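Given next are the chains, with one letter for each unit.
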Amino acid sequence: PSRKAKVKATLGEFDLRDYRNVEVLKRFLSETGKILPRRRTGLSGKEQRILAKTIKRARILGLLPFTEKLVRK
Amino acid sequence: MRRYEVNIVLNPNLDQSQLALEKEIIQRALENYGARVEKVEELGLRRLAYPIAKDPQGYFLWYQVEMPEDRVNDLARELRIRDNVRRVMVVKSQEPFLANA
Amino acid sequence: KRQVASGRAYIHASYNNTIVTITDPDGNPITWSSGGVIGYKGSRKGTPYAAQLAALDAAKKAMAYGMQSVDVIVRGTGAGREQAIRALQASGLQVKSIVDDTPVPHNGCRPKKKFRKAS
Amino acid sequence: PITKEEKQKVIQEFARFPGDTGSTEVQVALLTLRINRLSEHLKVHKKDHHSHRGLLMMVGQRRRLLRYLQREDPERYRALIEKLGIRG
RNA sequence: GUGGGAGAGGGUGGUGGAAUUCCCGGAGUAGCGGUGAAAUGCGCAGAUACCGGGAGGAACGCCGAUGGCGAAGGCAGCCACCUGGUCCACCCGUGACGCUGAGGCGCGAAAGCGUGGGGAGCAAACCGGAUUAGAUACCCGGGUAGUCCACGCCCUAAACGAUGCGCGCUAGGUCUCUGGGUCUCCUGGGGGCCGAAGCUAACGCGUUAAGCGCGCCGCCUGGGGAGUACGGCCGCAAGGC
RNA sequence: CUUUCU
Ligand SMILES: [Mg+2]
Ligand SMILES: [Mg+2]
Ligand SMILES: [Mg+2]
Ligand SMILES: [Mg+2]
Ligand SMILES: [Mg+2]
Ligand SMILES: [Mg+2]
Ligand SMILES: [Mg+2]
Ligand SMILES: [Mg+2]
Ligand SMILES: [Mg+2]
Ligand SMILES: [Mg+2]
Ligand SMILES: [Mg+2]
Ligand SMILES: [Mg+2]
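Residues numbered from 1 in each chain as written, not as in the entry; some residues may be left out. Chains lettered and ligands numbered in written order. Part of a larger assembly, values for the part shown. Heavy atoms only, no water.

This deposited entry lists X-ray crystallography as its structure determination method and 3.40 Å as its resolution.

Chain D carries the name 30S RIBOSOMAL PROTEIN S15 in the PDB entry, which gives Thermus thermophilus as its organism. UniProt, in its Subunit section for chain D, records the words "Part of the 30S ribosomal subunit. Forms a bridge to the 50S subunit in the 70S ribosome, contacting the 23S rRNA." The record in UniProt for chain D states the following under Sequence similarities: "Belongs to the universal ribosomal protein uS15 family." (UniProt positions renumbered as here; feature names shortened; annotations may be inferred.)

As annotated in the PDB entry, chain B is 30S RIBOSOMAL PROTEIN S6 from Thermus thermophilus. Recorded in UniProt under Function, the annotation for chain B is "Located on the outer edge of the platform on the body of the 30S subunit." What UniProt records for chain B under Sequence similarities is the sentence "Belongs to the bacterial ribosomal protein bS6 family."

Here's what the structure looks like:
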């Protein structure tokens with residue numbers, strides 16, 4: 001299914017343009033520096049589109065990861 | 001002129017002196033190029049997602065200036081020159097696109 | 001003959017043969033086994049059974065340096081990987097944690113023909 | 001780019017009367033502006049073909065507007081060209 | 001014109017991390033690799049698997065789509081500069097200034113060519129292993145041109161929607177991207193699917209027409225010979241028209 | 001794996 005809970009839902013109004021709120025951005029990455037799909041980010045074309053750009057600017061600065069190791073398997 | 005946001009990440013192992021010295025050359029250069037400082041935020045040390053120059057931490061600077069766009073790129077060649085400056089990123093300022101509001 | 005007690009267990013699976021390398025708490029390999037190391041020479045080398053025997057021998061050889069606790073790290077998908085992990089889980093060693101760390105490119109080198117036809 | 005200042009400065013500069021935003025003159029004026037800036041940009045970036053088409057169209061639009069002007073008021077025409085500094 | 005908008009549209013410079021290859025160091029042995037099986041091949045001058053450092057080239061995971069942009073070819077890491085197109089609102093200005101477009105000029109995937117540079121991975125040719133009755137192939141191990149950059153040339157294609165461009169007219173339904181609105185829907189632009197009328201040989205098309213009309217362009221006239229011969233024009237050549 | 005012709 002994948003209906004655990006939209007990331008957007010569990011959250012307040014934040015500035016999607018802010019490439020430093022590592023606090024919240026941290027929320028749109030999976031158990032890997034991978035940017036969550038819309039059916040998880042619960043965002044929308046436009047938003048989801050600016051999210052991605054933000055997240056990347058961060059990764060570069062060094063605030064967000066590019067990729068994590070999976071802990072299980 | 002346009003409003004930009006400069007990002008700087010230096011070596012988190014600089015002593016009171018060296019550290020404030022870098023801010024010297026920086027504050028200097030910013031002006032030397034036409035950067036009119038509209039304000040600053042200095043979070044300082046932060047845990048990097050991944051190591052930047054073996055160093056697993058970083059010292060972050062953040063200034064929002066107003067400068068002649070025709071020189072932005074040079075202003076950053078300059079900033080990158082310093083050895084303790086390990087990350088530079090100039091961004092065009094933008095209205096904060098909210099959501100979940 | 002060093003007595004390490006705790007360290008890493010790297011498991012390199014592939015459709016062509018598994019190969020386990022046990023290391024110390026910071027990377028330097030203590031011992032290593034594989035489908036080759038044990039009997040099996042060609043096709044069988046890959047097989048999940050082999051993976052088992054390799055995982056064991058890898059550990060047994062490790063019990064020499066007095067190993068006890070290990071952190072497993074799996075790399076790649078292939079003919080018996082979870083097998084190799086079960087073997088270790090038994091053996092003697094205590095499996096503190098397991099981790100999929102297979103390397104993926106963010107798209108760099110054109111894969112040889114045999115691996116193209118995708119996108 | 002072309003600042004709003006740079007723009008209106010031209011609109012007023014050519015307008016036929018206070019309020020004239022789109023006379024044949026004002027238009028031919030503004031085009032010549034964009035054209036020259038662009039003609040400039042391409043003196044460099046000779047490989048920016050995609051932008052060149054744009055120019056190719058701005059010109060057409062202009063020479064087409066002038067054709068019309070000549071036909072209607074030949075006076076304003078000679079008047080405009082000489083001014084803007086077109087032809088040659 | 002004024003005010004807004006989305007965007008892998010184009011050009012220059014900069015820069016980020018993942019991975020491969022190579023080199024250095026550590027630790028560590030007898031294999032690794034590869035297949036349907038194998039072998040060639042690499043490894044005790046110590047390979048594979050593991051860690052740390054370095055050099056270099058090329059591409060840009062997730063987001064990513066059923067998505068967007070462009071006239072087409074095509075265009076996706078991030079940043080700045082330069083720059084093209086397009087859409088909406090207000091209805092403010094000019095007052096038919098419009099459409100099409102033989103020839104012209106320009107653009108034009110890939111391969112290819114010329115000079116110079118670059119060269120990690122991949123890889124025509126080629127050098128080997130295997131399979132086979134044979135294997136000038138498919139599979140395996142290597143590998144040069146090339147793939148990359150620059151400047152110049154080539155101009156082709158299933159260059160496809162196999163559907164020239166513009167305008168008007170003719171039920172709706174549903175999903176979608178972007179703008180406005182009195183924003184559980186209305187309205188404009190764009191992408192999809194199902195369908196009225198109608199059209200079609202049928203398949204299907206159906207306000208994104210292949211329907212009803214008007215304007216302008218290009219093209220067809222049984223198959224093979226043949227996109228060949230001849231002539232001409234273009235190209236360094238290959239070759240193109 | 002391959003696996004021609006009638
Ligand atoms: Mg634009
Ligand atoms: Mg009016
Ligand atoms: Mg009037
Ligand atoms: Mg071409
Ligand atoms: Mg080419
Ligand atoms: Mg060449
Ligand atoms: Mg090869
Ligand atoms: Mg080959
Ligand atoms: Mg529509
Ligand atoms: Mg019907
Ligand atoms: Mg239909
Ligand atoms: Mg000739």
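Having put the structure on the table, let's press on.
A. Examining the interface of chain B and chain A more closely. At the interface, 23 residues of chain B touch 24 residues of chain A. Summing both sides of the interface, chain B and chain A together bury roughly 2000 Å²; the carbon and sulfur share of this comes to 56%. As a salt-bridge pair, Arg 46 of chain B and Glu 23 of chain A come within 3.6 Å of each other at their nearest N and O atoms. There are 13 residue pairs in polar contact connecting chain B and chain A. Contributing elements (two or more residues each) for the side of chain B that touches chain A: β1 (2-10), β2 (40-52), β3 (55-67) and β4 (85-92) of chain B. When residues of the side of chain B that touches chain A are assigned to their parent elements, the largest contribution, seven residues, is made by β2 of chain B. (Contact = heavy atoms within 4.5 Å. Buried area = accessible area lost by both parts, 1.4 Å probe. Salt bridge = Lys/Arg side-chain N within 4 Å of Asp/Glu carboxyl O. Polar contact = N/O pair within 3.5 Å; in protein donor to acceptor, adjacent residues only side chain to side chain. Helix = DSSP H or I, 4+ residues; strand = E, 2+ residues; numbered from the N terminus.)

B. Spatial organisation of the pattern of salt bridges. Counting across every chain of the model gives 21 salt bridges over all chains. Note that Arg 71 of chain D is salt-bridged to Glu 72 of chain D, the shortest N-O span being 4.0 Å. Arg 71 of chain D sits in the exposed class, given a relative accessible area of 55%. Here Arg 78 of chain D and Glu 75 of chain D are joined by a salt bridge, their closest N and O atoms 3.7 Å apart. Note that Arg 78 of chain D and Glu 75 of chain D are positioned in helix α4 (residues 74-84) at a spacing of three residues, about one turn of the helix. Because the salt bridges share partners, they merge into one network encompassing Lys 69 of chain A together with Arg 75 and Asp 101 of chain C. (Buried < 20%, exposed > 50% of the residue type's maximum accessible area, 1.4 Å probe, protein only.)

C. Region of the structure containing the packing of aromatic side chains. According to the stated counting rule, one finds three aromatic pairs over all chains in the structure shown. Aromatic pair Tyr 40 of chain C and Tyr 49 of chain C: ring centres 6.1 Å apart, planes at 55 degrees, arrangement tilted. The cationic tip of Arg 59 of chain A hangs over the ring face of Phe 66 of chain A; the distance from NZ or CZ to the ring centre is 5.7 Å. Geometry around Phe 14 of chain D places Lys 83 of chain D over its ring, the cationic atom sitting 4.0 Å from the centre. (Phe/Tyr/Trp six-rings, centres within 6.5 Å; stacked < 30°, edge-to-face > 60°. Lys NZ or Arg CZ within 6 Å of the ring centre and 35° of its normal.)

D. A look at the protein's contact with RNA strand E. What surrounds RNA strand E is a group of 92 residues, the closest being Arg 49 of chain A, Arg 75, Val 104 and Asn 107 of chain C together with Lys 7 of chain D. Put simply, 75% of the atoms of RNA strand E that lie within 4 Å of the protein are in sugar or phosphate. At a separation of 3.4 Å, a sugar or linking oxygen of RNA strand E approaches a polar backbone atom of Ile 30 of chain C. A distance of 2.7 Å separates a phosphate oxygen of RNA strand E from a polar atom in the side chain of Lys 47 of chain D. For the surface near RNA strand E, the leading source of residues is helix α3 (residues 49-72) of chain D, giving eleven residues. (Near = heavy atom within 4 Å.)

E. Inspection of the layout of surface pockets at higher detail. What the largest pocket holds in volume is close to 440 Å³. Lining the largest pocket are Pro 103, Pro 105, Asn 107, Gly 108, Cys 109, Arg 110, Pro 111, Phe 115, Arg 116, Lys 117, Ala 118 and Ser 119 of chain C. A class-by-class count of the residues in the lining of the largest pocket yields six nonpolar, three polar and three charged. When its volume is computed, the second largest pocket comes out at roughly 340 Å³. Taken together, 14 residues make up the lining of the second largest pocket; nearest its centre are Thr 32, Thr 67 and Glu 68 of chain A together with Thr 102 and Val 104 of chain C. Residues of the lining of the second largest pocket, tallied by class, amount to three nonpolar, five polar and six charged. (1 Å grid on protein atoms, 1.4 Å probe; cavity = no way out; pocket = protein on both sides within 12 Å on 5 of 7 lines; lining within 4 Å. Points joined across faces, edges and corners; volume = space filled by probe spheres on them. Nonpolar A, V, L, I, M, F, W, Y, C, P; charged D, E, K, R; others polar.)

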